[PDB]
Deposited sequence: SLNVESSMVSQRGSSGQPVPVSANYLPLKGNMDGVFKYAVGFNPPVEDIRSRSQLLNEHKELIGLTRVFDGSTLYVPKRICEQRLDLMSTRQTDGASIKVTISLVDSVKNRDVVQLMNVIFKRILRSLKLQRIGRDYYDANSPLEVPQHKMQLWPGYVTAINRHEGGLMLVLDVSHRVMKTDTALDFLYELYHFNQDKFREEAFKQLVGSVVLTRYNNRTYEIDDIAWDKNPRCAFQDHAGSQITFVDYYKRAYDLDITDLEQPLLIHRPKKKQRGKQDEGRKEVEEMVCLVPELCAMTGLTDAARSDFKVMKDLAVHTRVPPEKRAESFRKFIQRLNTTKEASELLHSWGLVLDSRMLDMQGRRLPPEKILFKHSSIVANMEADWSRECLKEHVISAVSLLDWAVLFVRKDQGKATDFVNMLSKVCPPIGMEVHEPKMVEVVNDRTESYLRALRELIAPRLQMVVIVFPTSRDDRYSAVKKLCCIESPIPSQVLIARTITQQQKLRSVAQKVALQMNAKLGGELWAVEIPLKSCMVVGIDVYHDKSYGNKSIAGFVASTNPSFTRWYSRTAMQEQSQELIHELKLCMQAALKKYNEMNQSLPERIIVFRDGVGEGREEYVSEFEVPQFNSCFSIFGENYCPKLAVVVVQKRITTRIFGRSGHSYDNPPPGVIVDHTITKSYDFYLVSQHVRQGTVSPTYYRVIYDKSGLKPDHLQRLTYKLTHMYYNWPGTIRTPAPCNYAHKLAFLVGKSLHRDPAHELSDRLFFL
């Protein structure tokens, strides 16, 4: 089954409130009116005529209806009459069906968007902010409100109310204070102002520097009344200024908001400019799991400590739970990092930087012939850096010889390009370019030349990272491993019990920059220990023939497998990426058929066992580690394939964090033929987390996903073209 059992069980907790609603007798009621009447307001008024006979549990979308209590007729047929025109309306009620809960999710979402209103919360976009539970910051005069975003769904364990807490700031000084301290024009427009007397938000359209409270608006189409009298009579307050501006708002008449009882929101430009403000608001926004779970329990307490919600739920009859989703996941074992003539079991943090910086990498290419490349201003920064590579490569097995320093005339791209053209040759192994600063055009120009026209593995590094001693040592130590990566010398490895199991990672450039050309990205191991790779690209303005070049790419990769292993992979595991919740049906229905089509060509009915996987990094879910009764981030490698998965997927916490809560990674398995028990696939997806040669440690997603992503993001932002085919067997994109 979906279950997997490898490691030591750990008690966890997610941010879900399971529901126990038993939705019966609430069958959909179809509303039909013979007289054409299409106006939500009018339809509601018409329906209200026979209200008492129906119930008090309206869910009316304007076309259909849901109510749990049976009305005293199956196909009820009554009559009503309008009032704007008086047309007699014919009621036709029909029991539609009770087949499946593919929309009960929608019904529950609606009733909860109503419940969150029942608690006197102020909807603002996606968020239902609170106003009785601010987080004062009485040093910037600011203030911070918590925002809940409930999104019910159906999981393996019934229905679960996901919950995500988001904060949106609410200043406190009156807007007139801002006007005063702006003189002694353009920040207000677009600012979501709100008034304090009733805690009602107000988006702003424009300002008019010609009006005052002296002006009188006709009240309810009645008599003219000055704003001062209006506010005194309706809110018992007064206004001091007499010639101040007024703030204008118009929905999809004109609304005048006085700039003394208005309180801005969001942040200004100078507000974001400061970094002390950011540091202050980082304490409350970047919340460790302790305060996070406390803020969740605060929400649930506020939910169940108000009758309205209780009797509304009881009216719908579905019971809400009183505590987070207690659970029991498991923790996969640590992973044996290998080297040449060594080994080590990763930390509890799974970060073996110290061990890697002083151990012998597996394959190290002697960097005999190479050339630095810098503008004269950065002589020292370059030379000082080079020496460091000679003090940190010998420890790790790389042998470095004196480079061939080059002094480009001037920083203009033209000069760099001429220098590279006159410098490349068959005898160079790598070129190092040091830029005075980051200019996207320059970097793209250099990378086209080093990857397309004259293929040589390049390494750029800006003239700011290499100017800070007491940290330059590790910068050199990282550049050395990256450079050794772009030469075909693998760095470290990890034990793999799956023999002859190739791996593949695909990504598609997520943008609309270059003619909407739909770049691709491909990478596929070529040895049983996932140490070497094979990077190819495909860029076409089609969504099918692009799949055809992915076919050709993976055929080429599977060939390269044979050319270096004297066999063929018994299993192929493809790691898609970034495919949201929008088109996950297209993959399993077109891509997988395409894949399994053309594999028998190279052998006797060669049908290698494919298995796709979709990998999501951003998600609202959050797994917690529960030791006793306190909450803490899970240690790396805590699988959860129970009670929150939907269909043969699993969450996984492979990262380690030092700042706030750790975000699990959601691996859907959208096609399975590999005959891998889910335990082995989970442990493999954990292993590959360790094999991304840009970070000694564990990364949020597997290695192939990140490699393919960097390849696509290079080809689609700098090269705009296919990189040469001499650089396939290396990793030139790091």
Checklist entry - Where does the model have holes with respect to the deposited sequence? => result 1-9, 194-203, 272-286
